[PDB]
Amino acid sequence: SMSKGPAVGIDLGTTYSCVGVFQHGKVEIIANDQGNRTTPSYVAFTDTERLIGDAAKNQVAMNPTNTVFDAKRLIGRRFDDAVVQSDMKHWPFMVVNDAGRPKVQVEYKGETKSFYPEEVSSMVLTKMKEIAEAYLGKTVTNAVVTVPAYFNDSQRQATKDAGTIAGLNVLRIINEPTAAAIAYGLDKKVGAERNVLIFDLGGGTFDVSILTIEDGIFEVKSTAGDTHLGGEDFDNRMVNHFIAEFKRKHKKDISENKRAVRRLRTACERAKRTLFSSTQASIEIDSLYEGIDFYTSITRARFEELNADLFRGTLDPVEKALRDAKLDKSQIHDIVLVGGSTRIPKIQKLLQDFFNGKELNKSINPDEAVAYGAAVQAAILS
C-alpha cells in the first residue's frame, strides 16, 4: 500500500472540478487520467456501471437521462426553492421531491435509484481524490473544498457532507472569491485595507464578488452576477451566425439536422478558443449538410460583435456589486479574473477600461485559480 500524501485543494465546480497540491514551494494543478487539468462534474449511471468525470461526459449523448451534472445548483437546496424549480425544466435527468428535499432519479443497472445532491457531489469528490492519488502515488485524505460566497448554511453543510461521504477530511470550506484572492497573495500585500473585485466568468455561471481584506481577514462585501451565463451563450451566437451564413450561401437550413448543428457547434467552440490569442479562426467541415462542404472563417472582431450585448452586460453585476459594497470603482485595489471566459480579450478590455486602465490579476490560469488558492490554504492548514 501507498504512503500518506499531502493535503489538496479542490474546486468543486458546477460543470468542472479542479484539484491542486502545494509542494516543492509551488502549486501543481493535477491532470486527471485523460490528461485534463479540469474534470467534468458529471456522474453517469448505465446498465453495467457508474462513470465519473470525462468518462461520464463522454457518453452524455448516448445516455442523457441517466447522466447527472449541475448537482452544485441543487446542493443544500429545498425542492421548492425557485432555483431548483427553474433549473429542473432544462435538465434531461429527473429531479424528485423526497420529503421537501430534491433527489436526482436515474436508471442504474436496470433499477430506479435516487440520490441526494451531496451523494452526487461526493462521487465527483471521490474522483478528484483518486486523481490526486494517481498523480502523487500516495493516499490523499485531507482537503480544502471551495463554495460560492453566496452559499447559505444548508448549501455549505451539504458540501461538507459530500466531502465526508467521499472519505475526505475537509480541513476547511472557503469561499471561491477568497480562494482566488489567496492564490494571488492579496492578503500578503503590505498596508491598509484592500478592496478586491473577483470577476468569475466560467463553467456556466457569472459571479462578481467584492471582498475587503484587512489584517488577513476576508469579509465578503457584496455578490452579484448571472447564474446562467458562459461560454455556451457565446458559442451559440457563433452557431446562429454560421447557420444564417449557410442559409445565405446555400439556401438550406441545417438547423433541424442535430448532427450538422453539433459538428458546427463543436467547431465554434474550438474557433472561440483560437480567438483568445488569434485574430481570426478558420473552419473546414466537409459534407456538413446535404453533402455541402462548409469552409469559412470568423474574425475576433465579428466574434465580439455577435456577443457585444452579452460582454457589455457583464459590467452590470460589477456596477451592482460596487453599489451594494458602497464603494466607488476607484476604490478597488485589486481585480482578479477567474473562469475560462475571462480569456476573451474583449471581456478583459471592457473590465480594464471600466477600471480606468488598471492592470488585472490574470497570470494564473483562470480555470485553476480557485483550486490554486484552495491548495495554498490546504498547505497552510497542514
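Don't overthink the numbering: it's just position in the shown sequence, from 1.
> Higher mean Cα B-factor in the deposited model: 209-217 or 75-83?
Replying inline: Mean C-alpha B-factor is greater for 209-217.
> Which is higher in the entry, the mean Cα B factor of 336-344 or that of 323-331?
Replying inline: Between 336-344 and 323-331, it is 323-331 that shows the higher mean C-alpha B-factor.
> Out of 270, 247, 241, 194, which shows the largest CA B-factor listed in the entry?
Replying inline: Within the set 270, 247, 241, 194, 194 shows the top C-alpha B-factor.
>> Given 187, 293, 200, 118, identify the residue with the highest C-alpha B factor in the PDB entry.
In response: By C-alpha B-factor in the record, 187 ranks first.
>> Is residue 19 in the lowest, middle or highest third of its chain when residues are ranked by C-alpha B-factor?
In response: Tercile = lowest for this residue's CA B-factor.
> Mind checking which third residue 65 falls in for C-alpha B-factor across the chain?
Replying inline: Residue 65: CA B-factor falls in the middle third of its chain.
>> Ranking the modelled residues of this chain by C-alpha B-factor as given in the entry, is residue 125 in the lowest, middle or highest third?
In response: Answer is lowest: the recorded C-alpha B-factor places it there.
>> Quick check on the deposited entry: does the C-alpha B-factor of residue 164 sit in the lowest, middle or highest third of its chain?
In response: For residue 164, the deposited C-alpha B-factor lands in the highest third.
>> What third of the chain does residue 371 rank in for C-alpha temperature factor, lowest, middle or highest?
In response: CA B-factor rank for residue 371: lowest third.
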